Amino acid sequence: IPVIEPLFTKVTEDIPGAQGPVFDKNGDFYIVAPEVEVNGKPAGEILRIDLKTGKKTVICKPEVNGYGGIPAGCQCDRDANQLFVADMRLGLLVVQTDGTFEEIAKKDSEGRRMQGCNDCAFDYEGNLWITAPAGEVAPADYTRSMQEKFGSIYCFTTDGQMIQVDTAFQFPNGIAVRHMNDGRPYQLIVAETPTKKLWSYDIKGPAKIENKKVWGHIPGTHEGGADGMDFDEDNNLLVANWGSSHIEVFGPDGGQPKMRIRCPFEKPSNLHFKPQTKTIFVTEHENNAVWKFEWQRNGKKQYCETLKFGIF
């Protein structure tokens, strides 16, 4: 497997468990620091990063009834410039640029207690596919599916339903939606960290997935595996392989990586493209920092970049 070593430029530092890189509708950059703690208790943060200076600003430090959050992944909304943030303790949150937030659901569509989420992905129809590797949300005792298969997958629909679409995953982590050239969502990819697998499903409709399949294989025998992921404009899937010092590049058909990207660190956690560029911002856990490098092409257009009221 051919490996490339592009120049990684430092963006910002000192962000405990740095991940969830995302750009909003104005091109502003945000990341999450899930591991910030106050007296050993969760006090995770959502930060805005000034790309010109690298200076950090904590816009949200989510807490519900005294239970601090562990913000873990993000997606920017389209119809309003707001962030949907997966939280390992609080489930799914909607965070405004002013720093205020709202908890989306304490229970799913079946009345079952919500699970802590790690990452999410919007399809072009506006449906949000979410990974939930943690156990029940706060106030329940914090647990995570690294060893046992209790991690779930959800789909927060346009009509506001929080639907659990699958279960029994050993730490479902990164998640991405593959679309047809005409924009129709047709395949859901889910990373299962410790098992070194990438799973796929055929998206038949909103909150409807079928035919679970082992889509791709993650290299290495190290502790870790596939973390965050994202598609480029040609539908190649770039996946952070936590603990391998590489970002794996899968072709549109999956299987084994067709290319690897060497990182100047061992623990890449997530990655996200800057709109309209080849620039990929990579968060990592070794130094708790954010970096950026140039990919071979532009990123796949995000849902937030599309137009609701366009002609085409």
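The first residue of the sequence shown is number 1, and the count goes up from there.
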Comparing 71 to 79 with 110 to 118, which has the greater mean CA B-factor as deposited? 110 to 118
Return whichever of 255 to 263 and 35 to 43 has the greater mean Cα B factor according to the PDB record. 35 to 43
Take the CA temperature factors straight from the PDB entry and tell me which of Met180, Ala191, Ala132, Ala240 peaks. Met180
For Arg89, return the chain-relative third of its C-alpha B-factor as stated in the PDB record: lowest, middle or highest. lowest
Among modelled residues of the same chain, the CA temperature factor third for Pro206: middle
What third of its chain's C-alpha B-factors does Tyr186 belong to: lowest, middle or highest? highest
What third of its chain, lowest, middle or highest, does the C-alpha temperature factor of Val214 fall into? middle
Can you tell me whether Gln147 has a C-alpha B-factor in the lowest, middle or highest third compared with the other modelled residues of the same chain? highest
